[PDB]
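All values below come from the heavy atoms of this structure, side chains included, with hydrogens, waters and symmetry mates left out. A note on names: the letters A, B, ... follow the listed sequences, proteins ahead of strands, and every chain is numbered from 1.
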4 protein chains.
Amino acid sequence: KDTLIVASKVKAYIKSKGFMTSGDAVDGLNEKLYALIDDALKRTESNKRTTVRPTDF
Amino acid sequence: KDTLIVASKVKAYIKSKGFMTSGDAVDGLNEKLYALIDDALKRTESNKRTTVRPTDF
Amino acid sequence: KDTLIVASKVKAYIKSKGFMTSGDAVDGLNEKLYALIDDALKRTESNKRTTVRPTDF
Amino acid sequence: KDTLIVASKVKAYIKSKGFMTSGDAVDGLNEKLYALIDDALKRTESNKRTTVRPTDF
DNA sequence: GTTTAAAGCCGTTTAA
DNA sequence: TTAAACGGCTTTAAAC
DNA sequence: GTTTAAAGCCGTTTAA
DNA sequence: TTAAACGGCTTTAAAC
DNA sequence: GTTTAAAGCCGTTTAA
DNA sequence: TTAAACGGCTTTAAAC
DNA sequence: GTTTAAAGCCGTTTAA
DNA sequence: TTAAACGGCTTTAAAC
C-alpha cells in the first residue's frame with residue numbers, strides 16, 4: 001500500500017510541537033490514514049452516495 | 001497549516017474502492033490527520049517521551 | 001457531564017485482556033465517548049437526517 | 001460481548017442535541033467503544049505497562 | 001567509549 | 001515547475 | 001433495562 | 001380533488 | 001518498612 | 001426486577 | 001501539484 | 001409528449 005502522507009511535512013509539524021519522529025512512526029500514521037478512509041467509504045455508501053465528503057471522515 | 005496528504009494518491013485509492021472525491025474532501029481528511037497527530041503528541045508526552053512512535057497514533 | 005459507560009463492565013473486559021484500569025481511566029474513556037457521539041451528530045446533520053445511525057459513529 | 005454503554009443516558013444526550021436514536025445506533029456505538037479500548041490496550045502494552053491510563057484511549 | 005536511534009545535510013530524480 | 005523522497009554520512013544524545 | 005402497547009411522523013395510494 | 005389508510009420506525013410511559 | 005495505587009469484598013440504594 | 005455504583009477496608013505489589 | 005478547458009452526469013423546465 | 005438546455009460538480013488530460 002502506497003504512502004498517502006507527506007513524510008517531510010509530518011516530521012516538520014511534529015518537530016514544530018517540540019518532538020522527534022521514530023523511524024517507523026510515519027508508516028504507523030499511514031496505516032491510521034487508510035483506516036480513516038475505509039471508515040469514510042462505509043459512511044458514504046451507508047448514505048447511498050458515490051462521492052466522499054469531508055463529513056464522511 | 002500545510003497539506004500532510006498526497007491528494008492524487010488518496011483520490012486514486014478512493015476511486016479504486018469505487019468512489020468519487022468531493023472538491024473539499026481532502027481538506028476534511030487533512031483536518032482529521034492533524035487531530036490524530038495532536039492526540040499522538042499528548043500520548044508521547046504522557047509517556048515521558050520526546051519521540052513519537054507508531055503506537056502513539 | 002454524566003458517565004455514559006458501565007465502569008464495572010469496562011474494568012471486567014480490560015481485566016479479561018490481562019490489564020488493570022487506572023483510577024481516572026474510565027473518566028478518560030467517557031470523554032472519548034462524548035467526542036465520538038458529537039462527531040456522529042455532525043455526520044447525521046450533514047446527511048440532512050434527524051436520526052443517528054450506527055454508520056454515523 | 002456485553003454492552004459497555006448506558007443506553008438511556010446516550011439516547012437522552014443525543015435528544016438534548018436535537019436528534020433521535022435509531023434502533024441499532026447504540027449497538028454501533030458499542031462496537032466503536034470496544035475498538036477504542038482494544039486500541040488503548042495495544043498502547044498500554046507498547047509502553048511496557050500493565051495499567052490502562054486515560055492517555056492510552 | 002560504546003551502542004542505539006534520530007536529526008541534519010547534500011545532491012539527484014521522480015512524483016505531485 | 002517544484003518539492004519530496006531517498007540513501008549515505010556525520011553529528012548528537014543518553015545511560016551504563 | 002425490559003416488556004407491552006399506544007402515539008406520532010412520513011410518504012404513497014386508493015378510496016370517498 | 002382530497003384525505004384516510006397503512007406500514008415501518010421511533011418515542012414514550014408504567015411498573016417491576 | 002514504607003509509599004502509591006489498584007483490586008477485591010461487602011452491603012445498600014438508585015438507576016437502567 | 002436487577003445490576004451498577006459507591007465508599008470503606010484490607011490486600012497486594014514494586015522498588016528503594 | 002497546478003492551471004485551463006472540456007466531458008460527463010444528474011435533475012428540472014421549457015421549448016420544439 | 002419528449003428532448004434539449006442548463007448550471008453545478010467532478011473527472012480528466014497535457015505540459016511545465
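- As a whole-Å value, the separation of B:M20 CE from K:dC9 P is 10 Å.
- A donor-acceptor contact shorter than 3.5 Å is absent between the side chain of D:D24 and the backbone of C:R53.
- Summarising the geometry, atom CD1 belonging to A:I37 is positioned 5.5 Å from atom CD1 belonging to B:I14; distances are rounded to the nearest 0.5 Å.
- With both hydrogen-bonding distances under 3.5 Å required, G:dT4 and J:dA13 do not qualify as a Watson-Crick or G-U wobble pair.
- Taking 3.5 Å as the upper bound for both contacts, I:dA6 pairs with J:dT11 in Watson-Crick or G-U wobble fashion.
- Between B:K15 and the phosphate of L:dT10, there is no side-chain N or O to OP1/OP2 separation shorter than 4.0 Å.
- Nucleotides F:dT12 and E:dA5 meet the pairing criterion: a Watson-Crick or G-U wobble pair with both donor-acceptor distances under 3.5 Å.
- Pairing status of F:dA15 against E:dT2: a Watson-Crick or G-U wobble pair, both distances under 3.5 Å.
- Taken together, E:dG1 and J:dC16 fail the test for a Watson-Crick or G-U wobble pair, since the two needed distances are not both under 3.5 Å.
- Pairing status of K:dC10 against L:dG7: a Watson-Crick or G-U wobble pair, both distances under 3.5 Å.
- One atom, CZ of A:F19, and another, P of E:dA5, lie 20 Å apart when rounded to the nearest Å.
- Using a 3.5 Å distance cut-off with no hydrogens or angles, the side chains of D:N47 and B:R43 do not pair a donor with an acceptor.
- Here the P atom of nucleotide L:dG8 and the CZ atom of A:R53 are 17 Å apart, to the nearest Å.
- Counting non-hydrogen atoms under 4.0 angstrom, A:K11 reaches nothing in the nucleic acid.
- The interatomic distance linking C:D27 (CG) with J:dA5 (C1') rounds to 13 Å, in whole Å.
- Under the 3.5 Å cutoff applied to both distances, I:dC9 and J:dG8 qualify as a Watson-Crick or G-U wobble pair.
- Remark: L:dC6 pairs with K:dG11, satisfying the Watson-Crick or G-U wobble criterion at under 3.5 Å for both atom pairs.
- Taken as a pair, H:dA5 and G:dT12 qualify: Watson-Crick (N1-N3 plus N6-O4 or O6-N4) or G-U wobble (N1-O2 and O6-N3), both under 3.5 Å.
- Note on D:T51: every side-chain N or O is 4.0 Å or more away from OP1 and OP2 of I:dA6.
- Between the side chain of B:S22 and the main chain of A:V52, a donor-acceptor pair closer than 3.5 Å is present.
- Remark: J:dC9 does not pair with E:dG8, failing the Watson-Crick or G-U wobble criterion at under 3.5 Å for both atom pairs.
- When both distances must be under 3.5 Å, the Watson-Crick or G-U wobble mate of J:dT2 is I:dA15.
- Side chain of D:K9, nearest nucleotide from E:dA15, H:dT10, I:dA15: I:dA15.
- Rounded to whole angstrom, the span from the CG atom of B:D2 across to the P atom of F:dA4 amounts to 8 Å.
- Atom-to-atom, CG of C:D24 to P of I:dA7 comes out at 12 Å; the value is rounded to the nearest Å.
- Spacing between atom CZ of D:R49 and atom P of I:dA5 amounts to 14 Å, rounded to whole angstrom units.
- The minimum heavy-atom distance between A:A25 and B:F57, with the atom names listed, is O-CE1, 3.5 Å.
- Remark: P of E:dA15 and CD1 of A:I5 are 18 Å apart, rounded to the nearest angstrom.
- Residues D:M20 and C:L36 are members of separate hydrophobic clusters, defined by side-chain heavy-atom contacts under 4.5 angstrom among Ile, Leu, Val, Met, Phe, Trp and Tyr.
- The nucleotide whose nearest atom lies closest to any side-chain atom of C:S8 is, among F:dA5, H:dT10, J:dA5, J:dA5.
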